Amino acid sequence: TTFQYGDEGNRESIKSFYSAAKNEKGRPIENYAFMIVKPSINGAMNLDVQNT
Amino acid sequence: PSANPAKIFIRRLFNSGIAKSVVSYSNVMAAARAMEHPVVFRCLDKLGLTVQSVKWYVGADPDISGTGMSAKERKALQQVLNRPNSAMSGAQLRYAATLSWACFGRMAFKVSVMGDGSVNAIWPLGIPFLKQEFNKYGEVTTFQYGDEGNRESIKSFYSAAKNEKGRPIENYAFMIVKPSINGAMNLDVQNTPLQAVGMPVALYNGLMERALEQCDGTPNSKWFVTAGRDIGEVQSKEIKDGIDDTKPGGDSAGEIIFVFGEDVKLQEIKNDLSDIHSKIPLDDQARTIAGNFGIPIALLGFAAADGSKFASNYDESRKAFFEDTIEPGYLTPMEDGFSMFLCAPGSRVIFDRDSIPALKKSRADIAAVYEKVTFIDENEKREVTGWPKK
């Protein structure tokens with residue numbers, strides 16, 4: 001739902017693509033962020049098990 | 001339903017109404033440590049990338065026809081196949097399926113269907129967290145997913161209610177299995193390479209641990225000196241200060257050592273670490289591990305002493321690896337399972353084999369030869385080289 005960027009004192013909050021408000025055609029109308037993930041064995045979708 | 005011979009086993013091994021784990025804990029632990037190994041991880045990544053490189057599509061069945069999905073339905077299913085859900089694309093789904101197949105020998109997915117039966121999303125399931133239940137006739141009836149206090153219950157493709165055409169009208173799940181010698185498949189008997197790579201991995205790890213331990217504990221000295229007892233309380237310091245001054249950057253670097261009136265013995269120490277890691281057995285274990293997975297060692301990047309004696313070039317190995325391992329091992333099971341559990345009869349999911357980069361040169365060279373033959377129709381020439389019929 002939200003991406004938090006920065007340290008505890010200077011953090012910045014960014015809305016995710018899914019939670020961002022969208023127009024009639026489904027495209028966002030405000031700033032947002034997104035991330036890409038490499039799959040792993042456990043099948044967890046977007047959880048912290050890296051594959052590098 | 002009573003005709004199934006599988007009832008012999010599931011009355012013994014799997015009591016009705018009790019969910020049992022798909023895989024044993026030892027297999028899960030073996031899979032978990034594989035990803036952190038400098039050899040097995042490379043093989044798994046190679047297989048995953050090679051399998052994901054291949055695209056598929058939805059097409060018509062060439063042998064059995066009639067009552068298949070129309071063009072609209074096939075194009076609708078194409079969208080789901082290209083974008084399975086909101087977080088994974090087709091390539092990532094292929095990667096996860098390939099890893100599951102390579103490690104545990106089985107793969108499962110959950111499929112979401114709308115009211116009219118058309119699919120809208122697909123999700124992968126982790127084999128370690130999956131449990132299944134059987135009726136008294138031996139057919140799976142329910143898939144149990146998750147921990148004891150957070151169970152997610154899913155009905156199997158067989159038990160799900162279906163419309164007039166036999167397609168499910170509610171969420172369901174399905175699993176694919178690799179045959180074993182005993183017969184019945186849905187039992188807790190597996191078929192994976194990891195069964196047979198125990199001793200190689202253990203010996204490799206032991207040898208590397210010994211190498212590190214020797215590296216971190218062997219004295220780093222080059223030669224060793226002894227002296228007699230008849231040396232004063234000070235001349236002994238003078239001797240060492242004289243020897244130390246011949247170090248690089250010293251006041252007497254590069255000069256000779258002249259000791260007057262003492263029997264200072266000198267012995268030289270040769271620390272031979274050239275075989276710290278046991279090169280030969282360590283390479284043998286790597287070759288065995290690579291072989292059991294069906295990957296030519298040349299592609300993995302590890303060296304071998306006889307590459308040219310078998311494989312004339314690198315492209316031949318690249319082509320042979322695909323044609324002999326990827327096609328019959330990984331592509332065919334996924335293809336058959338998806339065609340069985342997603343598409344109605346008369347249609348099929350088809351991988352695009354001929355378009356892979358590795359086979360372009362040969363695919364053109366062979367095609368240029370049939371151009372000369374004349375006792376074959378144009379349609380037959382097109383069929384034998386992979387192109388569709390006009």
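On inspection, B:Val225 qualifies as over 46 Å from the mean Cα position of the chain (by Cα) and on the phi < 0 side of the Ramachandran plot. Just so you know, in segment B:132-141 the residues that are in a strand (DSSP E or B), surrounded by 18 or more Cβ atoms within 10 Å (Cβ to Cβ) and not acidic (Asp, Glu) include one that is nearest to the other protein chains (Cβ to nearest Cβ), and it is B:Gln132. For segment B:142-154, a tally of residues being assigned to a strand (DSSP E or B) and without any contact (Cβ under 8 Å) to a residue 40 or more places away in the chain returns 4. Only one entry in B:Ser252, B:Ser236 is in contact with an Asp or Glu (Cβ under 6 Å, 6 or more places away or on another chain) and without any contact (Cβ under 8 Å) to a residue 40 or more places away in the chain, namely B:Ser252. Annotation: B:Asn171 fulfils all but one of (1) within 30 Å of B:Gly291 (Cβ to Cβ); (2) surrounded by 13 or more Cβ atoms within 10 Å (Cβ to Cβ); the unmet one is (1).
Report, by residue number, each residue of segment B:351-369 that is without any contact (Cβ under 8 Å) to a residue 60 or more places away in the chain and surrounded by 14 or more Cβ atoms within 10 Å (Cβ to Cβ). Once the filter is applied, which keeps residues that are without any contact (Cβ under 8 Å) to a residue 60 or more places away in the chain and surrounded by 14 or more Cβ atoms within 10 Å (Cβ to Cβ), segment B:351-369 yields B:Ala358, B:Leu359, B:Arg363, B:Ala367. Can you pull out every residue in segment B:116-131 that is within 10 Å of chain A (Cβ to nearest Cβ) and within 18 Å of B:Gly337 (Cβ to Cβ)? The answer is B:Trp123, B:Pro124, B:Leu125, B:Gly126, B:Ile127, B:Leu130.
Within segment B:192-247, restricting attention to residues that are within 30 Å of B:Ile127 (Cα to Cα) and polar (S, T, N, Q), which residue is surrounded by the most Cβ atoms within 10 Å (Cβ to Cβ)?
Of all residues in segment B:192-247, those within 30 Å of B:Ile127 (Cα to Cα) come to B:192-206.
In the following step, the residues that additionally are polar (S, T, N, Q) were identified as B:192, B:195, B:205.
Working: B:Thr192: 18, B:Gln195: 12, B:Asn205: 13.
Only one residue tops the list, namely B:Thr192.
Of the residues making up segment B:184-191, not a single one is under 23 Å from B:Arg74 (Cα atoms) and more than 14 Å from chain A (Cβ to nearest Cβ).
Right, B:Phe9: in contact (Cβ under 8 Å) with a residue 24 or more places away in the chain, assigned to a helix (DSSP H, G or I) and more than 27 Å from B:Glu335 (Cα to Cα) or not? Yes; evaluated as a whole, the condition is true for this residue.
Kindly establish whether B:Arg348 is of a type in the set (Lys, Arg), farther than 28 Å from B:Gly48 by Cα and surrounded by 15 or more Cβ atoms within 10 Å (Cβ to Cβ).
In short, no.
Can you find a residue in segment B:333-350 that is more than 21 Å from B:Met107 (Cα to Cα) and within 20 Å of the chain's Cα centre (by Cα)? No - not one qualifying residue is present in segment B:333-350.
When you scan segment B:174-204, how many residues do you find that are among the polar types (S, T, N, Q) and either farther than 21 Å from B:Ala290 by Cα or assigned to a strand (DSSP E or B) (or both)?
Here is the first cut: in segment B:174-204, the ones among the polar types (S, T, N, Q) are B:180, B:182, B:186, B:190-192, B:195.
From the residues that got through so far, the ones that are either farther than 21 Å from B:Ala290 by Cα or assigned to a strand (DSSP E or B) (or both) too are B:180, B:182, B:186.
Selection size over segment B:174-204: 3.
Selection within segment A:28-48: residues that are facing another protein chain (nearest Cβ under 9 Å) and small (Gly, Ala, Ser). The member of this set that is farthest from B:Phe109 (Cα to Cα) is A:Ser40. Just one of the numbered conditions (1) without any contact (Cβ under 8 Å) to a residue 40 or more places away in the chain; (2) of a type outside the set (A, V, I, L, M); (3) in a helix (DSSP H, G or I) is not true of B:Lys319: (1). Note on segment A:1-27: among residues that are within 14 Å of the chain's Cα centre (by Cα) and more than 14 Å from every other protein chain (Cβ to nearest Cβ), the one that is nearest to B:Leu44 (Cα to Cα) is A:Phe3. Inside segment B:53-85, residues that are touching a residue at least 24 places away in the same chain (Cβ under 8 Å), farther than 20 Å from B:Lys389 by Cβ and either among the basic types (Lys, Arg) or within 14 Å of chain A (Cβ to nearest Cβ) (or both) make up a count of 3. Checking each residue in segment A:17-45 for being polar (S, T, N, Q) and closer than 26 Å to B:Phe129 by Cβ picks out A:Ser40, A:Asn42.
All of (1) out of contact with any strand residue (DSSP E or B) (no Cβ under 8 Å at 6 or more places or on another chain); (2) closer than 30 Å to B:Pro388 by Cα; (3) of a type in the set (A, V, I, L, M) hold for B:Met35 with one exception: (2).
So basically every Cβ, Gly included, is an ideal-geometry build from the backbone, and we count neighbours across all protein chains shown. Just so you know, all these numbers are worked out from the coordinates, no wet-lab data involved.
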